[PDB]
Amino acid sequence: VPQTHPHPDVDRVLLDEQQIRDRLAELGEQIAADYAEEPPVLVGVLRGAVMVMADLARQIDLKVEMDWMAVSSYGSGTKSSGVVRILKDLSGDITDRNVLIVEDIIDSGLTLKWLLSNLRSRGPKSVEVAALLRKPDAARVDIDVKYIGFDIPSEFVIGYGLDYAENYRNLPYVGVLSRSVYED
């Protein structure tokens, strides 16, 4: 890319590939010790959870299982109660299992709270959450998140499975999507 081209020199990287890897290595170990007697079913909500789940799972030295959900919005209902449409439910019964929801981000949205309560209605022994990223407004929802990768500022973030209009999920880092007019 020529140096005369007017565009930002570096798109603003919030968490780089090595930082993510180091932190998931630590979380993996802590999770492996906490679940030593009874490995969890890792549950991920598509599509945001793809990278964190593939990576974190490989840092957990237990016989974990992996299962997925796909969800869509019910419009104004999703905003007010966190209810989502289940496009793809869990494949497996979680009755009497330890379940670990693995999230890309938590914030002031109510969908994680509603999903937690949904999975707790299915008889599991326990349901906990591991989230890569937490924003400041996550404090406004009353939920206990046992494992947190990083606190981040309130920015629109992309990469590491997070998109903007379906793009940028394949970035190996977490970046801030540019909002301002670039000037040379």
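Quick note: we count residues from 1 along the sequence shown, nothing fancier.
K.L.:
Report the stretch with the higher mean CA temperature factor, choosing between 105-113 and 69-77 on the basis of the entry.
P.N.:
Between 69-77 and 105-113, it is 105-113 that shows the higher mean C-alpha B-factor.
K.L.:
Going by the B-factors listed in the PDB entry, is the mean over the C-alpha atoms higher for 153-161 or for 117-125?
P.N.:
Mean C-alpha B-factor is greater for 153-161.
K.L.:
Lowest, middle or highest third: where is residue 171 by C-alpha B factor in its chain?
P.N.:
It belongs to the lowest third of the chain when residues are ordered by C-alpha B-factor.
K.L.:
Would you mind ranking residue 136 by its C-alpha B-factor against the rest of the chain and naming the third, lowest, middle or highest?
P.N.:
Highest third, going by the recorded CA B-factors of the chain.
K.L.:
Ranked by Cα temperature factor within the chain, is residue 55 in the lowest third, the middle third or the highest third?
P.N.:
It belongs to the lowest third of the chain when residues are ordered by C-alpha B-factor.
K.L.:
Once the chain's modelled residues are ordered by C-alpha B factor and cut into thirds, is residue 143 in the lowest, middle or highest one?
P.N.:
According to the entry, residue 143 has a C-alpha B-factor in the chain's highest third.
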